[PDB]
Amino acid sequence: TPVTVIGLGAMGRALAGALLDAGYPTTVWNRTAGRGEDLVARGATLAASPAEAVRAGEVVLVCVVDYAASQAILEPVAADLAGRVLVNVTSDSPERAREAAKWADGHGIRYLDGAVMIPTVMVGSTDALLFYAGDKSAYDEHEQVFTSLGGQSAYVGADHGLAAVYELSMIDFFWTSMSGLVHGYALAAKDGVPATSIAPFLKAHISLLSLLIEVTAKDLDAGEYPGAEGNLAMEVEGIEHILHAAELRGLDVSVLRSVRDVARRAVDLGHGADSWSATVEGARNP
């Protein structure tokens, strides 16, 4: 199967590299020249025009981050895209993904919206996780192409905005947790403790989080948050002691204060006696 990658920014180069590693004939195209010289030596073919690149591929991966740049490239070649499988990976909104789906269907293009959930350095590895939503027969026909991009690839449904839904929900958790990791290290460093001294111990809380990922999901789906294991009214207090310790040390505490605000909102909504899962009510009713 011939594959074409459009856009050779960091993501596009990684995706093309993963396809070449898997042994697929790979054609690349970038607006700015010299992004693909390393790929071309590896075995990739550089294309003059986007219309040429699209015609070289049964599956077309489009990796241009700007929507306007992406649409200005794809629309004029919609006639050449017809009958091929188009896959958009540039992270976006579910609504933007749905609009591409409508444009693509009105032109007879089978369309998959994708989300890369791991850093570019892990693209192509057997535990890389990528999400795909859209044409089911397109995914099944070229499933091993997508398995080549990441062995943990998962199709999440026919609605094209679902890949973005899974993606943004996951990176909502990820960037928020990376915010607290840096903040926790910063806190310790105000008292002279190196981050490398805490780091081995944080693995206890990673195993804890893994457990609560499941408990929290159950609770959120049931709509019931049992108070046992301590109450939200006292968890708000515990978080206020972190806030206290960090502001006395001169750190920006805007995140912790926001975390406390949503919990206090939930307490004020009658969840003072409930578990941490009940903070979802604070998030839904500001």
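A residue's number is simply how far along the shown sequence it sits, counting from 1.
Of the two stretches examined, 241-249 and 28-36, the record assigns the greater average C-alpha temperature factor to 28-36. The stretch with the higher mean CA B factor, choosing between 49-57 and 253-261, is 49-57. For the set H160, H183, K136, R96, the maximum C-alpha B-factor listed in the entry falls on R96. As recorded in the entry, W103 carries the highest CA temperature factor of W103, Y111, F174, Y155.
Remark: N285 belongs to the highest third of its chain, ranked by C-alpha B-factor as recorded. For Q71, the recorded CA B-factor ranks within the highest third of the chain. Only modelled residues enter the ranking. Among the modelled residues of its chain, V3 has a C-alpha B-factor that falls in the middle third according to the deposited record.
Ranked against the other modelled residues of its chain, the C-alpha B-factor of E229 as given in the entry falls in the highest third. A278: CA B factor lies in the lowest third for its chain, per the PDB record.
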